[PDB]
Amino acid sequence: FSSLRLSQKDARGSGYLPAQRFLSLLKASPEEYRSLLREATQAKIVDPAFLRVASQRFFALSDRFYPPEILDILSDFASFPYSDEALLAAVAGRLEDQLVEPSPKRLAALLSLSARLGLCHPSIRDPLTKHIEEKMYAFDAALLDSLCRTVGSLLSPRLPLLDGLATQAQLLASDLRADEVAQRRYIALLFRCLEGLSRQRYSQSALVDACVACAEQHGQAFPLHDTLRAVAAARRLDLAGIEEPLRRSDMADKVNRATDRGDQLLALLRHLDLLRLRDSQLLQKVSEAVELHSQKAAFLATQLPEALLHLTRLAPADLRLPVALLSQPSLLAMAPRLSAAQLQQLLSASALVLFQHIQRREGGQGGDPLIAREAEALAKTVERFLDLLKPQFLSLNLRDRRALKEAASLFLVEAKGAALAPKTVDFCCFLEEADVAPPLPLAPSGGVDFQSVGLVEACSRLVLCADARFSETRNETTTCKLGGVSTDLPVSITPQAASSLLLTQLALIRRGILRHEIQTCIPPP
Amino acid sequence: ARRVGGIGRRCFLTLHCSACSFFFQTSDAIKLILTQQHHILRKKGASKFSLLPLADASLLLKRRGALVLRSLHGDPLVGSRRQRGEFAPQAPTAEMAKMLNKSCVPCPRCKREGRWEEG
Amino acid sequence: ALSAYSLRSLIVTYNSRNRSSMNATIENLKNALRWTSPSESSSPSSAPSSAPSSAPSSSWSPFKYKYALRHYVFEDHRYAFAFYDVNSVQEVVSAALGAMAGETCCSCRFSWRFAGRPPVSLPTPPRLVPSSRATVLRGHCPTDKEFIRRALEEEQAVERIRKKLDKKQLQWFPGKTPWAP
Amino acid sequence: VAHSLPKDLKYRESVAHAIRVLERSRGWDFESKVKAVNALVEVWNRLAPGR
Amino acid sequence: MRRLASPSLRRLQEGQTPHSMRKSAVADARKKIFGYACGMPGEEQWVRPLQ
Amino acid sequence: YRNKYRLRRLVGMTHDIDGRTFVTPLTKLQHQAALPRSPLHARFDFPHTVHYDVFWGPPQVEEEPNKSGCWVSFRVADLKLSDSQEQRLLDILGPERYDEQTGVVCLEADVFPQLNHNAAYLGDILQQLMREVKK
Amino acid sequence: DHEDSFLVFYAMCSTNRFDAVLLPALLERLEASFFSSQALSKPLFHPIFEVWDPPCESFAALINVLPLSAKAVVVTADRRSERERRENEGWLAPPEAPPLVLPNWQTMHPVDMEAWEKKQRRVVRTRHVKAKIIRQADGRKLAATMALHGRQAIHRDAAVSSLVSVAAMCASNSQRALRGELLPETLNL
Amino acid sequence: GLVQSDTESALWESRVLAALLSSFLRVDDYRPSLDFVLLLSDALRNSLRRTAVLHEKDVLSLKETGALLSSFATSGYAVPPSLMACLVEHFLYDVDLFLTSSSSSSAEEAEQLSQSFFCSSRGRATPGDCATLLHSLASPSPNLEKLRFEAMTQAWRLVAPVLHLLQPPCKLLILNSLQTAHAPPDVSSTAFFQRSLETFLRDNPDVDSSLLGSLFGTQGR
Amino acid sequence: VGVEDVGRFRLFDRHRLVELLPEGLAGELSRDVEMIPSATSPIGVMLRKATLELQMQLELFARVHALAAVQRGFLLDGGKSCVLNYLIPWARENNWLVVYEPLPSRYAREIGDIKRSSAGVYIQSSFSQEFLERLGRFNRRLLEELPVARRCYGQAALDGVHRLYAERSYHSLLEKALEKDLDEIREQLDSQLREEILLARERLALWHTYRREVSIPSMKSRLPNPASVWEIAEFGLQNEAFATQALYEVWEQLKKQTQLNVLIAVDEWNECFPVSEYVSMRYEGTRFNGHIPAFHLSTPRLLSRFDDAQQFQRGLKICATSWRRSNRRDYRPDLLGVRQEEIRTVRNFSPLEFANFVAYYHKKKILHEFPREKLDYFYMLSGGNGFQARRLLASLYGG
RNA sequence: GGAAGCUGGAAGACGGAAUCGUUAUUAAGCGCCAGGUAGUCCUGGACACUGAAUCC
RNA sequence: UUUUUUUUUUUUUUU
RNA sequence: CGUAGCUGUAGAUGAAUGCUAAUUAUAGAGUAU
RNA sequence: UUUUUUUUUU
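Protein chains in written order, with my numbering: chain U, 9 to 533; chain P, 8 to 126; chain C, 5 to 185; chain W, 2 to 52; chain F, -9 to 41; chain Y, 47 to 181; chain S, 62 to 250; chain X, 8 to 228; chain B, 27 to 425.
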């Protein structure tokens, strides 16, 4: 439709919009609450204080919201994941009444609850899991495919739940088996589903045989940007045979089909982030394309910052060296890029590379550092990048600022370790002590200790630390040193997990007194 | 011209529900509670089980069943001839709503607990 | 607090069965005024309340087929008065009751008011410098018009609520409810 | 008036409810209220149990 | 439980709901400040004034 | 007649169960009542107006009925309260005792023949209402 | 009158001297007469001002050939009063009861009101019956017609100066409202 | 600011440029512009306003000044450290001249007369954002400092006397931007502000009391 | 034509109008044309301002297809039906496929047939044939030339219900059948986890096979391979069975492909929701007194869905309600499908337009004598309403 | 004793003849309640709207 | 009132 | 408020309303077909 | 003399 919106320009710059829609929310009808909530979703700036006010009042006004209204309100929470400890009590108070045998709510309710904090066993998991396993005879083809992405992100699953969806696809796919009817309908519903279940290290005998291509002469399956699903599914424990019929294909070995600048480089790069795959001898050809692509001015300020951030991990797969291509050959006059939208993406990239430089040969092995001159050049880039963010700090959303803290605290370790010039003002005013809306973590249901939980401010924005269990529980080659100071397996993909885990342990020791911490809690890839 | 409810479209015989969207007159209230007697009896936990035969769906449509429903419904709208002027009958939904909510009778639309209201 | 109360208003009503008796009360009440200590005496407002009437019917001499009728009219009179800011209770209550004459009853209606937290704020205003870088009529109430408007609105609100609630609880055979037995 | 009530549960509740309503009703005299309930507890006790 | 949701989770297990118990509090206060009459069988005699 | 009685049994409006010394509701309120200690202490903390009709006239051989009414009025807007507490105030009393034009609530109590007896009753129930509203 | 309202309004536009109090009053006259039955058949106004004018047919076609610069005034007219102060100034309680009629002792009706009616020539006192004032379109009816003219003057490849008036009308906030789904369509074009 | 259809230098052209920046920052569809453009635009008028005759009634009133300051308070763009724009406006002649040209109750009428005929400011609309912007300016914190204190105190004393008949939404903003670290000390003492704070809370108890300084308090934004 | 020409009457040929509108005149115009004594006189229609705003939108919509243009229907609320007499004939002259239906209620308050089915939607074999027969009178020469897609072959049931929605009615019957047959495998612990999961796996295998053998939908086997959409003559031949299946097939076909602009106009849309004159045993105690709701039938339901206008990639729908068949009352527009930004609320005729209407009747020799002195006097009497103006002047001599 | 559902083939289109009277918000129609101290009338009392004609 | 309504009238009262 | 205006049915040769296996309400009691 | 709504239709 033709979207249109009018601003309150009665007096042409009178009053304050953020303040105007602050007091009225305290005393308003239930219908007006939903209308005002949508305003912040599409707003530019975000006020952490206003977010808590709406959450607190939602629980009190939950006695007049219709079931459809609750789902619509919960849908708006998808973006900028934010929640409060009082929000869970409101949704749990009406979820049981919403169980009217819904066909589509099985996916919408589950997808919305995936983020924030859920999986509460004796409030939410018991009715949802009991009603989803017995309603497997009416799931649509589109819904089944989407459910694969949901179960993949879960933690600590159960055999009855995993097996329910495994057998659903076998019978559903058989009906379509007996060029657009198979090339985009049959193969699409096979590799997409296999990857979802493969995350939970689960597989049956009556799924692998059917999922794999029975005929080895079945060429022209998927393009370069879809064949990675089959490769990612295998290479887990003992999986093989799916990769290529005899390691000799016609569209996935000779530089794929065709790689060019015609809106193809970004698509392949984006697919490599959510798929746990290492660039082998054949997959390393993508890095070479960056050298020529970066030369063009259009590509230098349209997709350059996005590609660098989205593929910073696995340094020996995108960049020839950590400082060579990460320098500023011609960025002196081209540093600015849409105020802050792309400028902040460069800051995070420079932080992750720093961790790899130190943790290379100082007790981690797996490589070696470069000449000392590399560090000198790297510092020349960060010094002139943080200053531009000072006047543009207010133009960042809640999600943008949340990830900034993780990359900001990293620079406060190497500098003082025994440097950055703007490390005593910008890094010690707001970047060190942030008070943005802290979302709840994603905890499992294996411990069964939900009756004694708390919250402590730290790097992961909230945690589980109660007064009764305070400082008391949650607080060979790959276990001795990798399970100690590192505490991160090279499943998932560690470059990001190691940085987040190490910072959490330090933040909980500097301020709070929390000893004998058992990290564990490694989510699937 | 000869509309039901008068100029102000009065409605002193219908009851609204907080959940879903469904309304019915007091005439159907008697039949609903009698039909859903198994759920009410089991909720609490022979002389007590006296109205069991009335739960039949076909018996209500017979001659005997028609008289039973009319006996309980006293037609509150009808009264004495002297009840004229200010002494006019009011909406009897106040008493019906209390019994319908206390008995915990499920709604035909959606199975829910006491959610009825005056309207 | 009892000491914090004050008589906001005092509606004084009369009910006389004769025209002459009602006229005598008006003259007596006026004479009691213009004699208090304050410069202006309390001057209440007038508010007539119509004149209800009743007249039963009877057949008319016995042993007749109802060819003629004789009626007996029984008229009545009413009068209401309003008061505002009754500072002196002795000079108002005594005057109203002392103005009666004959079979002329009365029905007063007191109205008190309690004050909450006394607003005490706005101290001596700050100040800085640039850095160089009567009218009282004869027969009228002395009270302010703003006070009467604030009190008058309250009276109209209570009357509407009482009529609505009274109509609800008005049915023949009190204590009878449908399908109660 | 509430000093002794019928032993039977059915009769105890029937008479008990009347006490709460009579005390909050206009039209009955103070003397009549006492006598109304005093004679009610006796007639109920002189009858077979409600079971 | 956490910190603030301590009483909400506990009430859920006991069977409390945000719609049923809400009306119980209103009725509890209403019955105290008003009469106890609820259409019980036999209360029609106490409402009629004495003649 | 028997059929109508059986109907009230199913809905649960009968005293049928599948000495005692109880406490009457009136006596319970008397026990729980914070009274003032002398005239100089403010019991309530909000404005309120008390109205009552007093009959005066010549010596009548008989008493005039309908001369013992007592009611209290207060404005909800002046009374500062939270959003949740404000809604409960109008729900307990209902919309009949609330005016949508000015925004005032009138509470009338008349269950006694005597004026003095009725006047004291109003003051007891008024305090109890505020105890439950703030929750 | 209709024959003098347009002349006053036109003079102000040339001199750029408008009035927020006088503009609304003169806008009603230009609307009532425009839709009058005698619009096309009626001849010119007798002031000689219309003799040396491009348009003719009295007010019928005179307003149809009105410059687009002056057309935006009707659409973009401020109808706010002086009491409007709840946006920039601060709190302000508006009154809604000017008249406060209170009786006295010297002008009180006598007790015997039956004879009072018999001492009058005709009925004077009557039940309380007062008629309120209902606001008409207040010039909004004419403004809607003018808004459609700007829509047609977009795809004609006109001058930039003439096109500025179209945006002003489409950017209204108190007259056009959002009745019809034409605002986004005109803006997109 | 009513620029609508030059004496010495930079008097009329400044108004035109002032409104142009606010128009581009008003958009609510995407990013207004680039950060580099803002610095170039800001520096364009930075030196131009310096030579604006450091007089007469031809002085930039607070009415038009507040229109520019309002846009920067909603687009998420922080104003630059440059303060030369604040040293050529308001305090310079818009206050001293007002007092030069011709009891407790007398103080209230003094400030009230300002917005009577000439209307140098839009009551609590334009000056309302002036206090908020001066608070947040130097957003980070472990002569600009001296001038900020003088400006905040001067505008605060002109609103306190009439801080009883204002809109509740406007009162919150004024009170909010006083109990902050950036605000000068010895302003919240038991003179006019300590007892006046509880007055607003009593009228609107539904608002947060303990967390008064949470919107734009010691945390800046 | 333009803003300058507002409130004028456009002459129309008597013979040309009949061909353009084979069904009949739009609205109650048939009552006003019979009053003219002359048989060779033309027909005139006033050009109201409401038509100018609507006509401009259609012009831009056609040029785009060769997100700026509107992609939803409108609604006329409040002379709402008067514009239909001028908007339909004009569109048809511009090579537009217009669906004409001024009297859609004729298929709900007349003699017909109803046959209950499991889908819960009553069909009308007698009225189903008249829908296509009347539509092809003027819309011919275009349907045959239009091709037919292959992605929407035969997925409709006999009553026009979709296969997915029709099979859901039998879910309850099949649920009990499988529960009783599970005893064979239930009666043959092992880890207490795998034993229960294996038993549940049997239900999925049996359910998949049960949902594809018991149900035997009719995939229009009479026409194996169609070539066009107008070549379906078998629908007119058989009426007992193949009457509603073909009706819905054409409706779905005119959403997917886009070759020509389409338009649908449904008049008197306020009488489709209320109850019909039919009698059945589907009443909810006392909601209908044993009557079939009008919206529960086949034909009325097809023209009682405004939220589906988004699927119309070719054109859009439009409706208007001005008659007094039922009191509008509140007439909630939010709980019906239309939005508050798509309602055109017309007003009474202006004094300028009123004068033209009176003068128009004079040329037709309708009135005897209408002096100009009383021209404005009659404006206040009838209030300028069209219904009150024609009736008042007809009864009396006029003027 | 009053009212209501269902059922319905109680007795009547006779006589333009004749006897009871209306001084126009008259006559002719239609609708409401106040009292008769539980219910309990087609009469009496009492209010309001449409409201024509003639030689009276 | 071109983001306004969505419609018959009574026997005491705006003192 | 009733005959409304307006507007669907049959532009009634067939609209008469009493008779009664059966219930509604007041009352201490108005019951039997 | 009689209107839709808490959602499972390409």
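We put the CB at the ideal spot given by N, CA and C, even for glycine.
Exposed or buried, residue 14 (chain P), counting other C-beta atoms within 10 Å across all chains shown (16 or more means buried)?
-> Residue 14 (chain P) should be labelled exposed.
Entirely within the region 243 to 296 of chain B and at least 4 residues each: give me those alpha helix (DSSP H) ranges in chain order.
-> Within the region 243 to 296 of chain B, the complete alpha helix (DSSP H) runs of at least 4 residues are 260 to 263, 271 to 282.
Under 8 Å Cβ-Cβ, which residues of chain Y neighbour residue 109 (chain P)?
-> Proximity of chain Y to residue 109 (chain P) at the Cβ level (cut-off 8 Å) is accounted for by 57, 58, 59, in chain order.
Beta carbon proximity, residue 179 (chain C) to chain F, threshold 8 Å = Put simply, the CB of residue 179 (chain C) is near chain F, with a gap under 8 Å to one of its CB atoms.
Please state if the CB of residue 415 (chain B) and the CB of residue 106 (chain B) are separated by a distance shorter than 8 Å.
-> Here residue 106 (chain B) is not near residue 415 (chain B), since their CB atoms are 8 Å or more apart.
Roughly how many angstroms lie between the CA atoms of residue 199 (chain S) and residue 86 (chain S), to the nearest whole one?
-> Residue 86 (chain S) has its alpha-carbon roughly 9 Å from the corresponding atom of residue 199 (chain S).
Sequence-distant residues of its chain with Cβ nearer than 6 Å to residue 325 (chain U) (five each side left out) = Answer for residue 325 (chain U): 287, listed in chain order.
Listed from N- to C-terminal order along the chain, which residues in the region 89 to 100 of chain Y have their beta-carbon within a distance smaller than 9 Å of any beta-carbon of chain W?
-> Under the 9 Å Cβ criterion, the region 89 to 100 of chain Y contributes no residue.
What does a CB cutoff of less than 7 Å around residue 170 (chain B) pick up in its chain, not counting 5 residues either side in sequence?
-> Only 254, 256, 257 meet the Cβ criterion.
Spatial distance of residue 214 (chain X) from residue 176 (chain X) (CA atoms) | Computed Cα separation, rounded: 12 Å.
With residue 23 (chain P) as the anchor, note down where its alpha helix (DSSP H) starts and where it stops.
-> Looking at the DSSP string, residue 23 (chain P) is not in any alpha helix (DSSP H); the run it does join, the beta strand (DSSP E), is 21 to 24.
Indicate whether at least one CB of chain F lies closer than 8 Å to the CB of residue 181 (chain Y).
-> At a cut-off of 8 Å between C-beta atoms, residue 181 (chain Y) counts as an interface residue with respect to chain F.
What is the residue span of the beta strand (DSSP E) that residue 210 (chain S) lies within?
-> Residue 210 (chain S) -> not in any beta strand (DSSP E); alpha helix (DSSP H) instead, spanning 201 to 213.
So, using beta-carbon positions, are residue 169 (chain S) and residue 50 (chain C) closer together than 8 Å?
-> Between residue 169 (chain S) and residue 50 (chain C), the C-beta spacing is below 8 Å.
May I ask you to report which of helix, strand or coil DSSP gives residue 14 (chain C)?
-> Here residue 14 (chain C) sits in strand by DSSP.
Go ahead and pull the three-state DSSP assignment for residue 93 (chain C).
-> In the structure shown, residue 93 (chain C) falls within a coil segment according to DSSP collapsed to helix, strand and coil.
Go ahead and label residue 91 (chain U) buried or exposed: buried means 16 or more other beta carbons lie within 10 angstroms of its beta carbon, across all protein chains shown.
-> Flag for residue 91 (chain U) reads buried.
Residue 389 (chain U) by DSSP, collapsed to three states: which one?
-> Here residue 389 (chain U) sits in helix by DSSP.
Would DSSP call residue 208 (chain U) helix, strand or coil?
-> In the structure shown, residue 208 (chain U) sits in coil (DSSP, three-state: anything other than H, G, I, E or B).
Can you pull the chain Y residues whose beta carbon is under 9 Å from the beta carbon of residue 415 (chain U), in chain order?
-> Neighbours of residue 415 (chain U) on chain Y: none; closest Cβ ~41 Å, over 9 Å.
Residue(s) in a DSSP beta bridge with residue 123 (chain P) = Answer is P:24, bridged to residue 123 (chain P).
Chain U contact residues for residue 245 (chain S), given Cβ-Cβ distances below 7 Å | Per Cβ cutoff of 7 Å: 10, 12.
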